[PDB]
file model.tsv (TSV, N, CA and C atoms and all ligand atoms)
chain	number	residue	atom	x	y	z
A	42	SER	N	52.49	-16.49	-32.10
A	42	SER	CA	51.79	-15.23	-32.27
A	42	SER	C	52.32	-14.44	-33.47
A	43	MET	N	51.46	-13.57	-34.00
A	43	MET	CA	51.73	-12.88	-35.25
A	43	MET	C	52.52	-11.60	-35.00
A	44	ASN	N	53.20	-11.10	-36.04
A	44	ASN	CA	53.65	-9.72	-36.05
A	44	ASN	C	52.49	-8.77	-36.26
A	45	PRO	N	52.56	-7.55	-35.69
A	45	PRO	CA	51.60	-6.52	-36.04
A	45	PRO	C	51.91	-5.98	-37.43
A	46	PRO	N	50.98	-5.24	-38.06
A	46	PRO	CA	51.35	-4.45	-39.22
A	46	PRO	C	52.42	-3.44	-38.83
A	47	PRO	N	53.26	-2.98	-39.77
A	47	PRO	CA	54.24	-1.96	-39.45
A	47	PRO	C	53.57	-0.65	-39.08
A	48	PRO	N	54.27	0.31	-38.45
A	48	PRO	CA	53.69	1.62	-38.19
A	48	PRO	C	53.28	2.33	-39.47
A	49	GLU	N	52.25	3.18	-39.38
A	49	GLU	CA	51.86	4.02	-40.49
A	49	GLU	C	53.06	4.85	-40.93
A	50	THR	N	53.23	5.00	-42.25
A	50	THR	CA	54.33	5.78	-42.82
A	50	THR	C	53.91	6.84	-43.84
A	51	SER	N	52.65	6.81	-44.27
A	51	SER	CA	52.18	7.74	-45.28
A	51	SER	C	50.72	8.08	-44.98
A	52	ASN	N	50.41	9.37	-44.98
A	52	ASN	CA	49.03	9.80	-44.87
A	52	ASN	C	48.85	11.00	-45.80
A	53	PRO	N	48.30	10.79	-47.02
A	53	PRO	CA	48.11	11.87	-47.98
A	53	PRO	C	47.26	13.04	-47.48
A	54	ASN	N	46.45	12.81	-46.43
A	54	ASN	CA	45.57	13.86	-45.93
A	54	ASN	C	46.25	14.78	-44.91
A	55	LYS	N	47.41	14.37	-44.40
A	55	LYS	CA	48.21	15.21	-43.52
A	55	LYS	C	48.78	16.39	-44.29
A	56	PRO	N	48.86	17.61	-43.71
A	56	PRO	CA	49.57	18.70	-44.35
A	56	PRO	C	51.07	18.41	-44.40
A	57	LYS	N	51.74	18.94	-45.44
A	57	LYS	CA	53.13	18.65	-45.70
A	57	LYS	C	53.98	19.92	-45.66
A	58	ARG	N	55.18	19.80	-45.08
A	58	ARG	CA	56.16	20.87	-45.18
A	58	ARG	C	57.56	20.31	-45.20
A	59	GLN	N	58.45	21.05	-45.87
A	59	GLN	CA	59.88	20.80	-45.84
A	59	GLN	C	60.50	21.80	-44.87
A	60	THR	N	61.37	21.31	-43.99
A	60	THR	CA	62.15	22.18	-43.13
A	60	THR	C	63.61	21.74	-43.20
A	61	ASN	N	64.49	22.67	-42.82
A	61	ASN	CA	65.91	22.39	-42.71
A	61	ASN	C	66.16	21.23	-41.76
A	62	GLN	N	65.42	21.20	-40.64
A	62	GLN	CA	65.62	20.15	-39.65
A	62	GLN	C	65.18	18.78	-40.17
A	63	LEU	N	64.03	18.71	-40.86
A	63	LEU	CA	63.58	17.44	-41.41
A	63	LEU	C	64.52	16.95	-42.51
A	64	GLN	N	64.99	17.86	-43.37
A	64	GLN	CA	65.95	17.48	-44.40
A	64	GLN	C	67.22	16.90	-43.78
A	65	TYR	N	67.72	17.57	-42.74
A	65	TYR	CA	68.91	17.11	-42.03
A	65	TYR	C	68.70	15.74	-41.40
A	66	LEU	N	67.53	15.53	-40.80
A	66	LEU	CA	67.22	14.26	-40.17
A	66	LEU	C	67.26	13.10	-41.16
A	67	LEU	N	66.85	13.33	-42.42
A	67	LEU	CA	66.93	12.30	-43.44
A	67	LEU	C	68.33	12.18	-44.06
A	68	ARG	N	68.87	13.29	-44.55
A	68	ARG	CA	70.07	13.27	-45.36
A	68	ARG	C	71.35	13.10	-44.55
A	69	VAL	N	71.31	13.44	-43.25
A	69	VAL	CA	72.46	13.29	-42.38
A	69	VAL	C	72.24	12.25	-41.28
A	70	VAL	N	71.20	12.43	-40.46
A	70	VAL	CA	71.03	11.61	-39.27
A	70	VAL	C	70.67	10.17	-39.64
A	71	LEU	N	69.56	9.98	-40.36
A	71	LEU	CA	69.15	8.65	-40.77
A	71	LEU	C	70.25	7.99	-41.60
A	72	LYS	N	70.81	8.74	-42.56
A	72	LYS	CA	71.84	8.22	-43.44
A	72	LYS	C	73.04	7.69	-42.65
A	73	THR	N	73.54	8.48	-41.69
A	73	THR	CA	74.69	8.09	-40.89
A	73	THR	C	74.41	6.84	-40.06
A	74	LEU	N	73.27	6.81	-39.37
A	74	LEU	CA	72.94	5.65	-38.56
A	74	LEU	C	72.72	4.41	-39.42
A	75	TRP	N	72.09	4.58	-40.59
A	75	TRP	CA	71.78	3.47	-41.47
A	75	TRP	C	73.03	2.71	-41.91
A	76	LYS	N	74.10	3.46	-42.19
A	76	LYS	CA	75.33	2.90	-42.72
A	76	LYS	C	76.26	2.36	-41.63
A	77	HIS	N	75.88	2.53	-40.36
A	77	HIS	CA	76.69	2.07	-39.25
A	77	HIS	C	76.70	0.54	-39.17
A	78	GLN	N	77.83	-0.02	-38.74
A	78	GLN	CA	77.96	-1.47	-38.67
A	78	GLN	C	76.96	-2.14	-37.72
A	79	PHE	N	76.41	-1.37	-36.76
A	79	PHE	CA	75.43	-1.90	-35.83
A	79	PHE	C	73.98	-1.66	-36.25
A	80	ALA	N	73.76	-1.12	-37.45
A	80	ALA	CA	72.42	-0.73	-37.88
A	80	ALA	C	71.50	-1.91	-38.16
A	81	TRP	N	72.05	-3.05	-38.57
A	81	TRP	CA	71.24	-4.10	-39.18
A	81	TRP	C	70.03	-4.57	-38.36
A	82	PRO	N	70.09	-4.70	-37.01
A	82	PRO	CA	68.92	-5.15	-36.26
A	82	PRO	C	67.79	-4.12	-36.22
A	83	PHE	N	68.13	-2.88	-36.61
A	83	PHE	CA	67.24	-1.74	-36.48
A	83	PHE	C	66.73	-1.19	-37.81
A	84	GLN	N	67.06	-1.86	-38.92
A	84	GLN	CA	66.73	-1.36	-40.25
A	84	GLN	C	65.33	-1.74	-40.74
A	85	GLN	N	64.62	-2.56	-39.95
A	85	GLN	CA	63.29	-3.02	-40.30
A	85	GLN	C	62.57	-3.40	-39.02
A	86	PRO	N	61.22	-3.49	-39.03
A	86	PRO	CA	60.51	-3.98	-37.86
A	86	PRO	C	61.07	-5.31	-37.37
A	87	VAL	N	61.06	-5.52	-36.05
A	87	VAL	CA	61.45	-6.80	-35.50
A	87	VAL	C	60.47	-7.86	-36.01
A	88	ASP	N	61.00	-8.90	-36.66
A	88	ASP	CA	60.16	-9.99	-37.14
A	88	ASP	C	60.20	-11.09	-36.08
A	89	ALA	N	59.24	-11.05	-35.17
A	89	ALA	CA	59.19	-11.97	-34.04
A	89	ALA	C	58.90	-13.41	-34.47
A	90	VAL	N	58.30	-13.59	-35.64
A	90	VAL	CA	58.00	-14.92	-36.14
A	90	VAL	C	59.28	-15.57	-36.68
A	91	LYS	N	60.02	-14.85	-37.52
A	91	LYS	CA	61.26	-15.37	-38.08
A	91	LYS	C	62.32	-15.57	-36.99
A	92	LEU	N	62.36	-14.67	-36.00
A	92	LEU	CA	63.38	-14.71	-34.96
A	92	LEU	C	63.00	-15.56	-33.76
A	93	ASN	N	61.76	-16.09	-33.76
A	93	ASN	CA	61.26	-16.92	-32.68
A	93	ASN	C	61.32	-16.16	-31.35
A	94	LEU	N	60.72	-14.97	-31.34
A	94	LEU	CA	60.62	-14.13	-30.15
A	94	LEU	C	59.14	-13.93	-29.84
A	95	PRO	N	58.43	-14.95	-29.32
A	95	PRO	CA	56.98	-14.89	-29.20
A	95	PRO	C	56.46	-13.81	-28.25
A	96	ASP	N	57.31	-13.35	-27.33
A	96	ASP	CA	56.92	-12.34	-26.35
A	96	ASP	C	57.23	-10.90	-26.78
A	97	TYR	N	57.88	-10.72	-27.94
A	97	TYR	CA	58.35	-9.39	-28.31
A	97	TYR	C	57.20	-8.38	-28.32
A	98	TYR	N	56.11	-8.72	-29.01
A	98	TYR	CA	54.99	-7.80	-29.15
A	98	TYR	C	53.97	-7.92	-28.02
A	99	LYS	N	54.25	-8.80	-27.04
A	99	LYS	CA	53.58	-8.76	-25.75
A	99	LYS	C	54.20	-7.68	-24.86
A	100	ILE	N	55.51	-7.45	-25.06
A	100	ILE	CA	56.27	-6.49	-24.27
A	100	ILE	C	56.34	-5.11	-24.91
A	101	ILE	N	56.58	-5.09	-26.23
A	101	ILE	CA	56.74	-3.86	-26.99
A	101	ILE	C	55.44	-3.49	-27.70
A	102	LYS	N	54.79	-2.44	-27.19
A	102	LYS	CA	53.51	-2.02	-27.73
A	102	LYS	C	53.61	-0.77	-28.60
A	103	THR	N	54.79	-0.15	-28.67
A	103	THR	CA	55.03	0.97	-29.56
A	103	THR	C	56.27	0.66	-30.40
A	104	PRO	N	56.17	-0.30	-31.35
A	104	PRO	CA	57.33	-0.65	-32.16
A	104	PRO	C	57.82	0.51	-33.02
A	105	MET	N	59.12	0.58	-33.24
A	105	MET	CA	59.68	1.57	-34.14
A	105	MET	C	61.04	1.08	-34.62
A	106	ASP	N	61.40	1.47	-35.84
A	106	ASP	CA	62.62	1.01	-36.48
A	106	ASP	C	63.04	2.05	-37.51
A	107	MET	N	64.28	1.96	-37.99
A	107	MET	CA	64.80	2.96	-38.92
A	107	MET	C	64.21	2.87	-40.32
A	108	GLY	N	63.78	1.67	-40.74
A	108	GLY	CA	63.07	1.54	-42.00
A	108	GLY	C	61.79	2.38	-42.02
A	109	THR	N	61.04	2.29	-40.92
A	109	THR	CA	59.84	3.09	-40.74
A	109	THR	C	60.18	4.58	-40.69
A	110	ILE	N	61.22	4.96	-39.96
A	110	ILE	CA	61.61	6.36	-39.85
A	110	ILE	C	62.00	6.93	-41.22
A	111	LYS	N	62.76	6.16	-41.99
A	111	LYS	CA	63.14	6.58	-43.33
A	111	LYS	C	61.89	6.87	-44.17
A	112	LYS	N	60.94	5.93	-44.14
A	112	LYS	CA	59.70	6.10	-44.88
A	112	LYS	C	58.91	7.32	-44.43
A	113	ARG	N	58.82	7.53	-43.11
A	113	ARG	CA	58.10	8.69	-42.61
A	113	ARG	C	58.75	9.99	-43.08
A	114	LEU	N	60.09	10.07	-43.02
A	114	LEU	CA	60.77	11.27	-43.49
A	114	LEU	C	60.54	11.50	-44.98
A	115	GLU	N	60.68	10.45	-45.78
A	115	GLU	CA	60.68	10.63	-47.22
A	115	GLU	C	59.26	10.82	-47.77
A	116	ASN	N	58.24	10.47	-46.97
A	116	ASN	CA	56.84	10.71	-47.31
A	116	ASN	C	56.27	11.96	-46.65
A	117	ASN	N	57.14	12.74	-45.99
A	117	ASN	CA	56.74	13.97	-45.31
A	117	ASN	C	55.62	13.71	-44.30
A	118	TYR	N	55.68	12.56	-43.63
A	118	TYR	CA	54.77	12.16	-42.58
A	118	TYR	C	54.90	13.01	-41.32
A	119	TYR	N	56.12	13.48	-41.06
A	119	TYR	CA	56.38	14.33	-39.91
A	119	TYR	C	56.19	15.80	-40.26
A	120	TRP	N	55.58	16.55	-39.34
A	120	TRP	CA	55.46	18.00	-39.45
A	120	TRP	C	56.54	18.67	-38.60
A	121	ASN	N	56.72	18.14	-37.38
A	121	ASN	CA	57.70	18.64	-36.43
A	121	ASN	C	58.89	17.69	-36.35
A	122	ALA	N	60.11	18.25	-36.36
A	122	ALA	CA	61.32	17.47	-36.16
A	122	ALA	C	61.23	16.60	-34.92
A	123	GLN	N	60.61	17.11	-33.85
A	123	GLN	CA	60.55	16.38	-32.60
A	123	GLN	C	59.83	15.04	-32.76
A	124	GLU	N	58.89	14.94	-33.71
A	124	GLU	CA	58.21	13.67	-33.96
A	124	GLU	C	59.21	12.60	-34.40
A	125	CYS	N	60.15	13.00	-35.26
A	125	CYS	CA	61.16	12.09	-35.74
A	125	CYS	C	62.16	11.70	-34.65
A	126	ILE	N	62.61	12.71	-33.89
A	126	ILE	CA	63.51	12.47	-32.78
A	126	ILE	C	62.85	11.52	-31.77
A	127	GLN	N	61.56	11.72	-31.50
A	127	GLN	CA	60.81	10.83	-30.62
A	127	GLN	C	60.80	9.39	-31.13
A	128	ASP	N	60.66	9.20	-32.44
A	128	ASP	CA	60.68	7.85	-33.00
A	128	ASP	C	62.04	7.18	-32.84
A	129	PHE	N	63.13	7.92	-33.07
A	129	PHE	CA	64.44	7.36	-32.78
A	129	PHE	C	64.56	6.94	-31.31
A	130	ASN	N	64.11	7.80	-30.39
A	130	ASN	CA	64.19	7.47	-28.98
A	130	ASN	C	63.32	6.27	-28.61
A	131	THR	N	62.13	6.16	-29.22
A	131	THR	CA	61.31	4.97	-29.05
A	131	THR	C	62.05	3.71	-29.49
A	132	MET	N	62.73	3.76	-30.63
A	132	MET	CA	63.48	2.62	-31.12
A	132	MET	C	64.56	2.21	-30.12
A	133	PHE	N	65.33	3.17	-29.60
A	133	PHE	CA	66.40	2.82	-28.67
A	133	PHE	C	65.82	2.25	-27.38
A	134	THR	N	64.83	2.93	-26.80
A	134	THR	CA	64.23	2.49	-25.55
A	134	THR	C	63.52	1.14	-25.67
A	135	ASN	N	62.90	0.85	-26.82
A	135	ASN	CA	62.34	-0.48	-27.04
A	135	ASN	C	63.40	-1.57	-26.86
A	136	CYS	N	64.59	-1.33	-27.41
A	136	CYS	CA	65.67	-2.29	-27.29
A	136	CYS	C	66.05	-2.48	-25.82
A	137	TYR	N	66.14	-1.37	-25.07
A	137	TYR	CA	66.48	-1.44	-23.66
A	137	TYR	C	65.39	-2.14	-22.84
A	138	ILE	N	64.12	-1.96	-23.24
A	138	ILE	CA	62.99	-2.56	-22.56
A	138	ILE	C	62.94	-4.08	-22.75
A	139	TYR	N	63.06	-4.52	-24.01
A	139	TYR	CA	62.93	-5.93	-24.32
A	139	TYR	C	64.11	-6.74	-23.77
A	140	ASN	N	65.30	-6.12	-23.83
A	140	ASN	CA	66.54	-6.76	-23.43
A	140	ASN	C	66.94	-6.33	-22.02
A	141	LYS	N	68.18	-6.66	-21.63
A	141	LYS	CA	68.66	-6.43	-20.27
A	141	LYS	C	69.98	-5.68	-20.29
A	142	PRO	N	70.30	-4.91	-19.21
A	142	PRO	CA	71.58	-4.21	-19.13
A	142	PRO	C	72.76	-5.12	-19.43
A	143	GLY	N	73.63	-4.66	-20.34
A	143	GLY	CA	74.83	-5.39	-20.68
A	143	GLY	C	74.71	-6.39	-21.84
A	144	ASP	N	73.49	-6.63	-22.33
A	144	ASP	CA	73.32	-7.50	-23.48
A	144	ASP	C	74.01	-6.89	-24.70
A	145	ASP	N	74.53	-7.75	-25.59
A	145	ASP	CA	75.21	-7.28	-26.78
A	145	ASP	C	74.34	-6.34	-27.61
A	146	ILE	N	73.07	-6.70	-27.83
A	146	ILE	CA	72.19	-5.86	-28.63
A	146	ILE	C	71.96	-4.50	-27.96
A	147	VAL	N	71.89	-4.50	-26.63
A	147	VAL	CA	71.77	-3.26	-25.87
A	147	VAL	C	72.99	-2.38	-26.07
A	148	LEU	N	74.19	-2.97	-26.01
A	148	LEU	CA	75.41	-2.21	-26.22
A	148	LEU	C	75.45	-1.62	-27.63
A	149	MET	N	74.93	-2.37	-28.61
A	149	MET	CA	74.81	-1.87	-29.97
A	149	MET	C	73.89	-0.65	-30.03
A	150	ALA	N	72.71	-0.77	-29.42
A	150	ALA	CA	71.77	0.33	-29.41
A	150	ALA	C	72.34	1.56	-28.70
A	151	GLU	N	73.05	1.33	-27.59
A	151	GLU	CA	73.68	2.42	-26.86
A	151	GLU	C	74.66	3.19	-27.74
A	152	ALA	N	75.48	2.46	-28.51
A	152	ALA	CA	76.42	3.09	-29.42
A	152	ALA	C	75.72	3.92	-30.48
A	153	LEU	N	74.67	3.36	-31.09
A	153	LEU	CA	73.87	4.09	-32.06
A	153	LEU	C	73.21	5.32	-31.45
A	154	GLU	N	72.73	5.21	-30.20
A	154	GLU	CA	72.11	6.34	-29.53
A	154	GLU	C	73.13	7.45	-29.30
A	155	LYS	N	74.36	7.07	-28.91
A	155	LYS	CA	75.41	8.06	-28.74
A	155	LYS	C	75.73	8.78	-30.05
A	156	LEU	N	75.81	8.02	-31.14
A	156	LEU	CA	76.04	8.60	-32.46
A	156	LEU	C	74.90	9.54	-32.87
A	157	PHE	N	73.67	9.08	-32.64
A	157	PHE	CA	72.48	9.88	-32.89
A	157	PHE	C	72.56	11.22	-32.17
A	158	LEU	N	72.92	11.18	-30.88
A	158	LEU	CA	73.01	12.41	-30.09
A	158	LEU	C	74.10	13.34	-30.62
A	159	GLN	N	75.22	12.80	-31.10
A	159	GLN	CA	76.25	13.63	-31.69
A	159	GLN	C	75.74	14.30	-32.97
A	160	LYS	N	74.94	13.56	-33.76
A	160	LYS	CA	74.42	14.10	-35.00
A	160	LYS	C	73.31	15.12	-34.75
A	161	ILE	N	72.43	14.85	-33.78
A	161	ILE	CA	71.35	15.78	-33.43
A	161	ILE	C	71.90	17.08	-32.84
A	162	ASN	N	73.08	17.01	-32.22
A	162	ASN	CA	73.74	18.19	-31.69
A	162	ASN	C	73.88	19.30	-32.73
A	163	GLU	N	74.05	18.90	-34.00
A	163	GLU	CA	74.29	19.83	-35.08
A	163	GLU	C	73.05	20.05	-35.95
A	164	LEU	N	71.87	19.73	-35.39
A	164	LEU	CA	70.60	20.01	-36.04
A	164	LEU	C	70.56	21.50	-36.38
A	165	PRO	N	70.29	21.88	-37.66
A	165	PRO	CA	70.31	23.29	-38.03
A	165	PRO	C	69.19	24.06	-37.36
A	166	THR	N	69.43	25.35	-37.13
A	166	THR	CA	68.40	26.23	-36.61
A	166	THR	C	67.28	26.27	-37.65
A	167	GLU	N	66.04	26.08	-37.18
A	167	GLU	CA	64.88	26.12	-38.05
A	167	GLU	C	64.78	27.50	-38.69
A	168	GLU	N	65.09	27.55	-39.99
A	168	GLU	CA	65.33	28.80	-40.70
A	168	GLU	C	64.71	28.74	-42.09
B	201	LIG	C1	69.61	-9.19	-30.73
B	201	LIG	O1	69.09	-9.32	-32.01
B	201	LIG	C2	69.46	-10.45	-32.73
B	201	LIG	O2	70.09	-10.26	-33.72
B	201	LIG	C3	69.08	-11.87	-32.30
B	201	LIG	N1	67.57	-12.07	-32.10
B	201	LIG	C4	66.88	-11.39	-31.01
B	201	LIG	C5	66.62	-9.96	-31.44
B	201	LIG	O3	66.52	-9.63	-32.58
B	201	LIG	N2	66.54	-8.98	-30.40
B	201	LIG	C6	66.34	-7.60	-30.72
B	201	LIG	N3	66.09	-6.73	-29.72
B	201	LIG	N4	65.92	-5.39	-30.29
B	201	LIG	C7	66.08	-5.41	-31.65
B	201	LIG	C8	65.95	-4.14	-32.48
B	201	LIG	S1	66.40	-6.91	-32.23
B	201	LIG	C9	69.95	-12.25	-31.15
B	201	LIG	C10	70.18	-13.76	-30.90
B	201	LIG	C11	69.17	-14.27	-29.87
B	201	LIG	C12	71.59	-13.94	-30.31
B	201	LIG	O4	70.12	-14.59	-32.12
B	201	LIG	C13	69.17	-14.22	-33.19
B	201	LIG	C14	69.55	-14.92	-34.49
B	201	LIG	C15	67.75	-14.71	-32.86
B	201	LIG	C16	69.30	-12.73	-33.49
call {"tool": "encode", "arguments": {"input": "model.tsv", "output": "structure tokens"}}
result
Amino acid sequence: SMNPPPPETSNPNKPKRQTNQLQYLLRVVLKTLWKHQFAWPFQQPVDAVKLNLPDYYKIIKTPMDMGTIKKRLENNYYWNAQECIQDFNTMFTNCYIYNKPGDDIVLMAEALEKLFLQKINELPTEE
């Protein structure tokens, strides 16, 4: 079975705004998670063809990854910070859904989620 197209990352017809929270999500949150030693499985869409995971997109119907999130932030695809936070949570929960408690990849995602939560804790007041 085939991979789906990646999630939409750019829509020129959407209204655009810069906020302190969106800037922080790109320059601090995404940046920190991206450079983490456990980031690599999450830096691009899961390639189920290359990885021989034929059931991945039978199970995961809302794919999300940090490559997509980076693109959405840098193309001003998000209007509300919560949209971006939701995408990070989708990425983590997808990993938990496809895999099982205690799997190495799950432990990796858990660590990244903990780091994410520490970084989101210091999200600036929308100002
Ligand atoms: C865990 O990830 C991986 O690196 C591996 N593939 C499965 C996979 O990618 N699962 C994902 N679940 N959520 C993601 C986001 S990635 C794991 C094993 C099976 C040990 O060996 C290969 C080489 C195929 C790489």
call {"tool": "residues_around", "arguments": {"input": "model.tsv", "residues": "range 51-56 of chain A", "least_positions_apart": "3", "cutoff": "10 Å", "atoms": "only C-alpha atoms", "output": "list in words"}}
result
residues 48, 112, 113, 114, 115, 116, 117, 118, 119 and 120 of chain A
call {"tool": "residues_near_ligand", "arguments": {"input": "model.tsv", "ligand": "ligand LIG 201 (chain B)", "cutoff": "5 Å", "atoms": "only N, CA and C atoms and all ligand atoms", "output": "ChimeraX atom specification"}}
result
/A:82-83,92,136,146
call {"tool": "closest_residue", "arguments": {"input": "model.tsv", "among": "A:155, A:66, A:44, A:87", "to": "residue 106 in chain A", "atoms": "only N, CA and C atoms"}}
result
A:87
call {"tool": "residues_around", "arguments": {"input": "model.tsv", "residues": "residue 159 in chain A", "least_positions_apart": "6", "cutoff": "12 Å", "atoms": "only C-alpha atoms", "output": "PyMOL selection string"}}
result
chain A and resi 69-70+73-74+152-153
call {"tool": "closest_residue", "arguments": {"input": "model.tsv", "among": "A:61, A:42, A:166, A:134", "to": "residue 150 in chain A", "atoms": "only N, CA and C atoms"}}
result
A:134
call {"tool": "select_by_dssp", "arguments": {"input": "model.tsv", "residues": "chain A", "states": "helix (DSSP H, G or I)", "output": "number ranges by chain"}}
result
A: 61-75, 81-83, 97-100, 107-115, 122-139, 145-161
call {"tool": "atom_distance", "arguments": {"input": "model.tsv", "atom1": "atom C of residue 96 in chain A", "atom2": "CA of residue 138 in chain A"}}
result
11.0 Å
call {"tool": "atom_distance", "arguments": {"input": "model.tsv", "atom1": "atom N of residue 72 in chain A", "atom2": "atom N of residue 57 in chain A"}}
result
21.8 Å
call {"tool": "closest_residue", "arguments": {"input": "model.tsv", "among": "A:85, A:123, A:93, A:62", "to": "residue 107 in chain A", "atoms": "only N, CA and C atoms"}}
result
A:85
call {"tool": "closest_residue", "arguments": {"input": "model.tsv", "among": "A:137, A:142, A:126, A:80", "to": "residue 65 in chain A", "atoms": "only C-alpha atoms"}}
result
A:126
call {"tool": "closest_residue", "arguments": {"input": "model.tsv", "among": "A:43, A:110, A:125, A:149", "to": "residue 89 in chain A", "atoms": "all atoms listed in the file"}}
result
A:43
call {"tool": "atom_distance", "arguments": {"input": "model.tsv", "atom1": "atom C of residue 47 in chain A", "atom2": "atom N of residue 156 in chain A"}}
result
25.2 Å
call {"tool": "closest_residue", "arguments": {"input": "model.tsv", "among": "A:105, A:64, A:148, A:78", "to": "residue 129 in chain A", "atoms": "all atoms listed in the file"}}
result
A:105
call {"tool": "residues_around", "arguments": {"input": "model.tsv", "residues": "residue 100 in chain A", "least_positions_apart": "2", "cutoff": "8 Å", "atoms": "all atoms listed in the file", "output": "PyMOL selection string"}}
result
chain A and resi 95-98+102-103+135+138-139
call {"tool": "residues_near_point", "arguments": {"input": "model.tsv", "point": "(61.0, -0.8, -43.7)", "cutoff": "7 Å", "atoms": "only C-alpha atoms", "output": "mmCIF file with N, CA and C atoms, in the frame of the given file"}}
result
data_model
loop_
_atom_site.group_PDB
_atom_site.id
_atom_site.type_symbol
_atom_site.label_atom_id
_atom_site.label_comp_id
_atom_site.auth_asym_id
_atom_site.auth_seq_id
_atom_site.Cartn_x
_atom_site.Cartn_y
_atom_site.Cartn_z
ATOM 1 N N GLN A 84 67.060 -1.860 -38.920
ATOM 2 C CA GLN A 84 66.730 -1.360 -40.250
ATOM 3 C C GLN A 84 65.330 -1.740 -40.740
ATOM 4 N N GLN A 85 64.620 -2.560 -39.950
ATOM 5 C CA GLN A 85 63.290 -3.020 -40.300
ATOM 6 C C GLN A 85 62.570 -3.400 -39.020
ATOM 7 N N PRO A 86 61.220 -3.490 -39.030
ATOM 8 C CA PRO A 86 60.510 -3.980 -37.860
ATOM 9 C C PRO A 86 61.070 -5.310 -37.370
ATOM 10 N N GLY A 108 63.780 1.670 -40.740
ATOM 11 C CA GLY A 108 63.070 1.540 -42.000
ATOM 12 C C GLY A 108 61.790 2.380 -42.020
ATOM 13 N N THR A 109 61.040 2.290 -40.920
ATOM 14 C CA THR A 109 59.840 3.090 -40.740
ATOM 15 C C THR A 109 60.180 4.580 -40.690
#
call {"tool": "build_atoms", "arguments": {"input": "model.tsv", "residues": "range 127-138 of chain A", "atoms": "N, CA, C and O atoms", "output": "PDB file, in the frame of the given file"}}
result
ATOM      1  N   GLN A 127      61.560  11.720 -31.500  1.00  0.00           N
ATOM      2  CA  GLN A 127      60.810  10.830 -30.620  1.00  0.00           C
ATOM      3  C   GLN A 127      60.800   9.390 -31.130  1.00  0.00           C
ATOM      4  O   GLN A 127      61.010   8.455 -30.345  1.00  0.00           O
ATOM      5  N   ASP A 128      60.660   9.200 -32.440  1.00  0.00           N
ATOM      6  CA  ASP A 128      60.680   7.850 -33.000  1.00  0.00           C
ATOM      7  C   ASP A 128      62.040   7.180 -32.840  1.00  0.00           C
ATOM      8  O   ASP A 128      62.114   5.993 -32.502  1.00  0.00           O
ATOM      9  N   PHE A 129      63.130   7.920 -33.070  1.00  0.00           N
ATOM     10  CA  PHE A 129      64.440   7.360 -32.780  1.00  0.00           C
ATOM     11  C   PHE A 129      64.560   6.940 -31.310  1.00  0.00           C
ATOM     12  O   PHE A 129      65.068   5.859 -31.016  1.00  0.00           O
ATOM     13  N   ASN A 130      64.110   7.800 -30.390  1.00  0.00           N
ATOM     14  CA  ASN A 130      64.190   7.470 -28.980  1.00  0.00           C
ATOM     15  C   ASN A 130      63.320   6.270 -28.610  1.00  0.00           C
ATOM     16  O   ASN A 130      63.746   5.425 -27.811  1.00  0.00           O
ATOM     17  N   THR A 131      62.130   6.160 -29.220  1.00  0.00           N
ATOM     18  CA  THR A 131      61.310   4.970 -29.050  1.00  0.00           C
ATOM     19  C   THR A 131      62.050   3.710 -29.490  1.00  0.00           C
ATOM     20  O   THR A 131      61.990   2.680 -28.815  1.00  0.00           O
ATOM     21  N   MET A 132      62.730   3.760 -30.630  1.00  0.00           N
ATOM     22  CA  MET A 132      63.480   2.620 -31.120  1.00  0.00           C
ATOM     23  C   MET A 132      64.560   2.210 -30.120  1.00  0.00           C
ATOM     24  O   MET A 132      64.691   1.025 -29.791  1.00  0.00           O
ATOM     25  N   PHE A 133      65.330   3.170 -29.600  1.00  0.00           N
ATOM     26  CA  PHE A 133      66.400   2.820 -28.670  1.00  0.00           C
ATOM     27  C   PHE A 133      65.820   2.250 -27.380  1.00  0.00           C
ATOM     28  O   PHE A 133      66.297   1.210 -26.900  1.00  0.00           O
ATOM     29  N   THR A 134      64.830   2.930 -26.800  1.00  0.00           N
ATOM     30  CA  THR A 134      64.230   2.490 -25.550  1.00  0.00           C
ATOM     31  C   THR A 134      63.520   1.140 -25.670  1.00  0.00           C
ATOM     32  O   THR A 134      63.563   0.351 -24.726  1.00  0.00           O
ATOM     33  N   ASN A 135      62.900   0.850 -26.820  1.00  0.00           N
ATOM     34  CA  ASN A 135      62.340  -0.480 -27.040  1.00  0.00           C
ATOM     35  C   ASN A 135      63.400  -1.570 -26.860  1.00  0.00           C
ATOM     36  O   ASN A 135      63.143  -2.618 -26.282  1.00  0.00           O
ATOM     37  N   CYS A 136      64.590  -1.330 -27.410  1.00  0.00           N
ATOM     38  CA  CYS A 136      65.670  -2.290 -27.290  1.00  0.00           C
ATOM     39  C   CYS A 136      66.050  -2.480 -25.820  1.00  0.00           C
ATOM     40  O   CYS A 136      66.265  -3.605 -25.381  1.00  0.00           O
ATOM     41  N   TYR A 137      66.140  -1.370 -25.070  1.00  0.00           N
ATOM     42  CA  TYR A 137      66.480  -1.440 -23.660  1.00  0.00           C
ATOM     43  C   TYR A 137      65.390  -2.140 -22.840  1.00  0.00           C
ATOM     44  O   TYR A 137      65.689  -2.827 -21.868  1.00  0.00           O
ATOM     45  N   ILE A 138      64.120  -1.960 -23.240  1.00  0.00           N
ATOM     46  CA  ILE A 138      62.990  -2.560 -22.560  1.00  0.00           C
ATOM     47  C   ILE A 138      62.940  -4.080 -22.750  1.00  0.00           C
ATOM     48  O   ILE A 138      62.777  -4.826 -21.799  1.00  0.00           O
TER      49      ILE A 138
END
